[PDB]
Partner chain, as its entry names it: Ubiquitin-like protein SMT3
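The chain that follows stands alone, in the form solved without its partner chain, written as structure tokens.
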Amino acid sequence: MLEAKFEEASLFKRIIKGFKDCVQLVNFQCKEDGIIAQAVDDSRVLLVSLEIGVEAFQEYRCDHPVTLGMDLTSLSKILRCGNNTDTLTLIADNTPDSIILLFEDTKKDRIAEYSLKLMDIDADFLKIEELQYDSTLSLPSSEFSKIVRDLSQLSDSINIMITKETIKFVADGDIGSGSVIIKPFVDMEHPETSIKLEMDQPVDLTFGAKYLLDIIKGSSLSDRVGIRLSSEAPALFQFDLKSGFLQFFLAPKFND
């Protein structure tokens, strides 16, 4: 059996929002220590990887590992079905016919129990994170979201440039162009709005704006975003859950 109770369905709803642009069929491996999931998109330039730990739940029990594969169109539909504050419970049995999602409320009324038929997906799991990235940075999710959104209207390609104490976002398209230059600093009032940067090697990479627009949906889950860039491997954008994470690996646009 398996029973995992989120204190608030909002968290799972936002996490699943994080997958709008992958293969709508996604495997969720549920183990003794929590849930992991990963999904690639069609073009195979973007990988989404989620880990939710035991303590991110309100309650959690997984007697034996169980892989449940779900259609994210349909799970996303079923996840519109309650107030963000409802306690959401995933329930399954040893070999799962189907996953159960049970919503509960502040009031003692209205049991809302949904089911989702599980699919059979072949699990080709990707371990593509690097040890040392060329540069690491972190900044408020809100700020990163605004930068991406704004620059997205000028061209279909956003270019990240890292030099000593200088982070430069640039969109250069037919109509016009735009640049946003931020620099590291500590804001002692709220260490939230702080901007951190470690640069082992300067970097200059270009990304499809469609995919950055997808990636910034994770702002709903964390105050800060972490960006690891290197010229060799795909770039990593990470939003941290209370004991967990949602990660977006994105391959830079090719030059030719």
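Positions refer to the first chain, counted from 1.
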property	result
Higher-scoring stretch by recorded Cα B factor average, 147-155 or 99-107	99-107
Of 74-82 and 128-136, the stretch whose C-alpha atoms average the higher B-factor in the entry	74-82
Member of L90, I160, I181, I175 with the greatest C-alpha B factor (per the PDB record)	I175
Highest recorded Cα temperature factor - choice among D41, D204, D223, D187	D187
Record-listed C-alpha B factor of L2: chain third	highest
Chain-wide C-alpha B factor ranking for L11, given as lowest, middle or highest third	middle
Record-listed C-alpha B factor of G69: chain third	middle
Chain-wide C-alpha B factor ranking for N27, given as lowest, middle or highest third	middle
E192, C-alpha B-factor rank within chain (lowest, middle or highest third)	highest
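Beyond the structure shown, there is the form solved in complex with its partner chain, which is absent from this document and is the topic of what follows.
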property: Non-hydrogen atom contact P191 with its partner chain in the deposited complex at 4.5 angstroms; result: yes
property: Exercise: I195 in contact with its partner chain in the deposited complex, heavy atom 4.5 Å; result: yes
